[PDB]
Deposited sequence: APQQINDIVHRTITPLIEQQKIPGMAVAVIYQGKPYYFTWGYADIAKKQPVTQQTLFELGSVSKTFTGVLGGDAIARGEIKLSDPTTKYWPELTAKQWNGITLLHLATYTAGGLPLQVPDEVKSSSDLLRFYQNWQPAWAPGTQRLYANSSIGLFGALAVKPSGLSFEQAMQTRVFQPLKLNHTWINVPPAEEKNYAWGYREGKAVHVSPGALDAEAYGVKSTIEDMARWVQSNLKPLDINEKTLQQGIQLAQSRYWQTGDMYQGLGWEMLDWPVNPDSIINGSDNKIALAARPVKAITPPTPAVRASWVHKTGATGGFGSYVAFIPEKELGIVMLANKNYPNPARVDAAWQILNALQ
């Protein structure tokens, strides 16, 4: 592998692992559209199983980039429109605060303060309807962004209704299979458990807990090889042969709202490149400016998403104009700034 890539990667990641005490880690750099893989440490400390290019990590909220692309493919299919009212696809949501909240607001966390988490007591379709009917918005729709699994989670579940398919089945057949992500899962099958890393939280081995709208907001598990293929797909959507999927990827990198230097896509978040690295909190409410109409995917962007579960920390970033990207998967949820700093330190060296 080119020594320049070898070197910047190891010189950046080795100290990161040491400083953050990460038990195991996998990295992919995509350089001029080819992937280069790196692994360190342990998928399972007790059983002494190393991280390999086959090891499954919990992506946590990097899963939202798969939800946003599946929603983009459903739009491209003419199954849904982002301008549609939520109640078009859930006419049981009759409470009047729902008037004016569209699928775009759900997808981009702008519905008016839906909360970060669906409560752990919500366990049935019935409980779910009750939660959403009782929610009282803090703000009118389309005025402030508040990152929320209950917002993009509900977008994912509604976006697949016209198809007739479960969310998992729609993701499997419309995204994972076409892109050859054959070791990417919403539910890890028994056959694949030997490759499923443990996460580590305060030194204990943990896996993500089941919860309502989990698949949609934070429940995908993948390998470093499939995540490198996901980054290639998102850097070069025109190479993708399925027309609605190619389109869906483009829709998910469109710029819908701006807060500060950041633009909100569907799952993906974007800044203009070159991106000041210092530009790149339990609840952060920010007023947003609508981009009217959304800007189609900008090639000169830093496009990224960070993800966590209790035991895992993931990061993906890529720059379309430079055909360059990175994926970092770890089995400890370590601070986001350390992820961004390491990524920028690698990509800026190679760019």
message: Checking coverage: what stretches of the deposited chain sequence are missing C-alpha positions?
response: 281-287
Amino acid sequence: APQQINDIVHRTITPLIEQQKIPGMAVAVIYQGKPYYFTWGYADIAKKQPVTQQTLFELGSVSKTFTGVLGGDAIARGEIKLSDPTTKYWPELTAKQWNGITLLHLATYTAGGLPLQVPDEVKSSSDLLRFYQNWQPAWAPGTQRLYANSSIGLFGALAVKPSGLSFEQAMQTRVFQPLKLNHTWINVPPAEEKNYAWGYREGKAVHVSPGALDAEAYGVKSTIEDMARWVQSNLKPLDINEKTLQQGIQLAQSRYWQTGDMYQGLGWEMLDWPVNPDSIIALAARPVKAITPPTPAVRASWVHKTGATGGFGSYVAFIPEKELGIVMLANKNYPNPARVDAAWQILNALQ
From here on, numbers count along this sequence of modelled residues.
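In this text, rigid core is short for the largest set of C-alphas that superpose within 1.5 Å between two forms.
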message: Root mean square C-alpha distance from this form after a core fit in 9 other deposited structures of this protein: higher for 28-36 or for 283-291?
response: 283-291
field: Higher C-alpha RMS shift from the shown form in 9 other deposited structures of this protein - 100-108 or 120-128, rigid core fit
entry: 120-128
- prompt: Out of 35-43 and 319-327, which stretch has the higher average CA B-factor listed in the record?
  reply: 319-327
task: State which stretch shows the higher mean Cα B factor in the entry: 144-152 or 197-205.
output: 197-205
message: If I read the C-alpha B-factors straight from the PDB entry, which of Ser83, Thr259, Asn134, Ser254 is highest?
response: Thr259
field: Given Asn241, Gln264, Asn187, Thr110, the residue at which the Cα B factor reaches its maximum
entry: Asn241
message: Splitting the chain's C-alpha B-factors into thirds, which one does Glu192 fall into?
response: middle
message: Could you place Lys289 in the lowest, middle or highest third of its chain by Cα temperature factor, using the values in the record?
response: middle
message: Quick check for you: using the entry's CA B-factors within this chain, is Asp226 in the lowest, middle or highest third?
response: lowest
task: Sort the modelled residues of this chain by their C-alpha B factor and say whether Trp268 lands in the lowest, middle or highest third.
output: lowest
- line: So, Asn276's CA B-factor, relative to its chain, sits in which third? The highest
